[PDB]
Amino acid sequence: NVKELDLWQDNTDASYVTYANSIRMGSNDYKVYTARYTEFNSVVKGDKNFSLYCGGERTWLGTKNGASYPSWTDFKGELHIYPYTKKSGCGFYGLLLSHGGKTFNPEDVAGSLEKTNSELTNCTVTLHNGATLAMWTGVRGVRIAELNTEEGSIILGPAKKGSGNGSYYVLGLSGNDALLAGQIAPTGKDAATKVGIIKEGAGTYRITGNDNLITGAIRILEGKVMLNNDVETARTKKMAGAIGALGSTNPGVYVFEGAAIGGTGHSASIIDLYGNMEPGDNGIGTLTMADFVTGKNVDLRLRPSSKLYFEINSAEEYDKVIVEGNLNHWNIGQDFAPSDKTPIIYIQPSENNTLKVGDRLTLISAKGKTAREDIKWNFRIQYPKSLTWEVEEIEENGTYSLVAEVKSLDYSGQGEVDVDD
Ligand SMILES: [Ca+2]
């Protein structure tokens, strides 16, 4: 049944509550109520529900200042993080993850991992409405196999502002899909304070918040991220969307080779596309790049390895990319070596499509086409094994479009060439 650890007390920085007795859950769910200042430093083993009701902004999983953390690798259950607002006026109500004196390098993820807090890699974690999940100062990482957040929750990153403070949440190792519906943004929306997501594993993470500011960017190493915020509302009300705006230099999304970005919402930051772009979410949709808050151009940064997949049901229903900015091709690969290979467009009619001769599909619309070093480039096209196509790259009235036109319902062999060789 249930064990309850009620550790709450109206305490201060000078009277921390510390609980460190090992827990073997057995057949019991646990419910733990923490004080504002709490060191929850118990080794936990079991496969039951562990619910952590956090009484303030100094409840640590581990010790003060994130100096150490207990073993949770034998915890295989569900960790649920809730607020507990009995003590009012706190900066936030949630859990501070520890770093164990270790620093994370977002540029060398593989080399950072084996010394990063990886205790929550055999369980699931759910961050509930009103709860915050934060880290301390410095540049820190945590590996969480499966994280879902509810609307009204906050992935904060560092508990305090600073250019030297950065928090990277390495999510997805379970291989399962998850939903980040709560906010992802640093304290005070401070632009210099970094909070980042690093996506690994085979599954897809869906991001739906409309007021994010992912200052440490999303780095997609494996699987997919869908930006599924309410873009129509974000346009009208001038909201940040799923990413927010990082400016004209730093990408908000790095899609590495083999991984994918997609969705029905929008990025207000540069997408650096080494990998795949799949508009919609396992189906037809429109993905937008646009900054509704500050009105600046947002470019799609294309690479020699870029691939863009367009599913097409009809002239009325097909995948679209809209860029309120330029298609900006960099002839530099993931390894910094030059290549003259250009992005591939995959034209993919559905199994029950109603395409007709003369249908013109505007797959990509942008303000312009640009390039590192002003080197001219065109998309390579992977045609399907049906119909006959003309692809038209059109610059007109100071705007750009990539159009696929159906010339015949008969097949003319255009799909026999495997472009990616
Ligand atoms: Ca699609």
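The following refers to the structure shown. (Residues numbered from 1 in each chain as written, not as in the entry; some residues may be left out. Heavy atoms only, no water.)

Topic: the overall build of the chain
A count of helices and strands for the chain gives two helices and 37 strands. Here the C-alpha radius of gyration of the chain, 24 Å, is about what a compact globule of 421 residues would show, namely 22 Å. Counted over contacts in the chain with a minimum sequence separation of 6, partners at least 24 positions apart contribute 69%. The distance from the centre of the 41 positive side-chain charges to the centre of the 52 negative ones in the chain is 8 Å. (Helix = DSSP H or I, 4+ residues; strand = E, 2+ residues; numbered from the N terminus. Rg over C-alpha atoms; globule rule 2.2 N^0.38 Å. Contact = heavy atoms within 4.5 Å. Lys, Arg positive; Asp, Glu negative; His and termini not counted. Charge placed at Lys NZ, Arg CZ, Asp CG, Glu CD.)

Some thoughts on the coordination of the calcium ion
Each protein donor to the calcium ion is listed here as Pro 279 (O), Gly 283 (O), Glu 311 (OE), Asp 319 (OD) and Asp 319 (OD); together their distances run 2.2 to 2.7 Å. Here the donor residues for the calcium ion map to a single chain with the spacing P-x3-G-x27-E-x7-D. A residue pair is termed long-range when its members are at least 10 positions apart, and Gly 283 in the loop between β28 (276–279) and β29 (286–289) and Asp 319 in the loop between β31 (307–312) and β32 (320–329) qualify at 36 residues. We note that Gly 283, like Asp 319, is buried. (Donors = N, O, S within 2.8 Å, 3.2 Å for Na, K, Ca; no water. Buried < 20%, exposed > 50% of the residue type's maximum accessible area, 1.4 Å probe, protein only.)

With respect to the pattern of salt bridges
Within this structure, the stated rule accounts for 19 salt bridges. Where salt bridges share partners, they join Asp 177, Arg 206 and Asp 281 into one cluster. (Salt bridge = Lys/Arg side-chain N within 4 Å of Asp/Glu carboxyl O.)

Topic: unusual backbone geometry
Of note in this structure, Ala 217 is not a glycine but carries a positive phi near 70°. Looking at the secondary structure, you find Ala 217 in the loop between β21 (204–207) and β22 (218–220). Looking at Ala 217, the relative accessible area reads 2%, which means it is buried. Its identity as a non-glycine residue notwithstanding, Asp 374 has a phi of 50°, on the positive side. Checked against the element boundaries, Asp 374 lands in the loop between β34 (360–371) and β35 (380–382). Since its relative accessible area comes to 67%, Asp 374 is described here as exposed.

Some details on the environment of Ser 15
Along the chain, the position of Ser 15 falls in the loop between β1 (2–6) and β2 (17–19). In this structure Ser 15 comes out as partly exposed when scored by relative accessible area, which is 29%. Considered as a pair, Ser 15 and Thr 38 are 23 residues apart in the sequence and their alpha carbons are 9.0 Å apart.

Some thoughts on the packing of aromatic side chains
Summed over all chains, the structure comprises 16 aromatic pairs. Note on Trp 72 and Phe 75: the rings are 5.2 Å apart at their centroids and 70° apart in plane angle, and the pair reads as edge-to-face. Take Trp 72 and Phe 75: they sit in the same class, and that class is buried. In textbook terms, an aromatic cluster arises when at least three aromatic residues are bridged by ring pairs, as seen for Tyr 19, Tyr 30, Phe 40, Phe 50, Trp 72 and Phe 75. Across from the ring centre of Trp 8, 4.9 Å away, lies the NZ or CZ of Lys 86, which sits over that ring. One residue, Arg 372, lies across the ring of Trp 330, its end atom 3.9 Å from the ring centre. (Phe/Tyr/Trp six-rings, centres within 6.5 Å; stacked < 30°, edge-to-face > 60°. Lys NZ or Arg CZ within 6 Å of the ring centre and 35° of its normal.)

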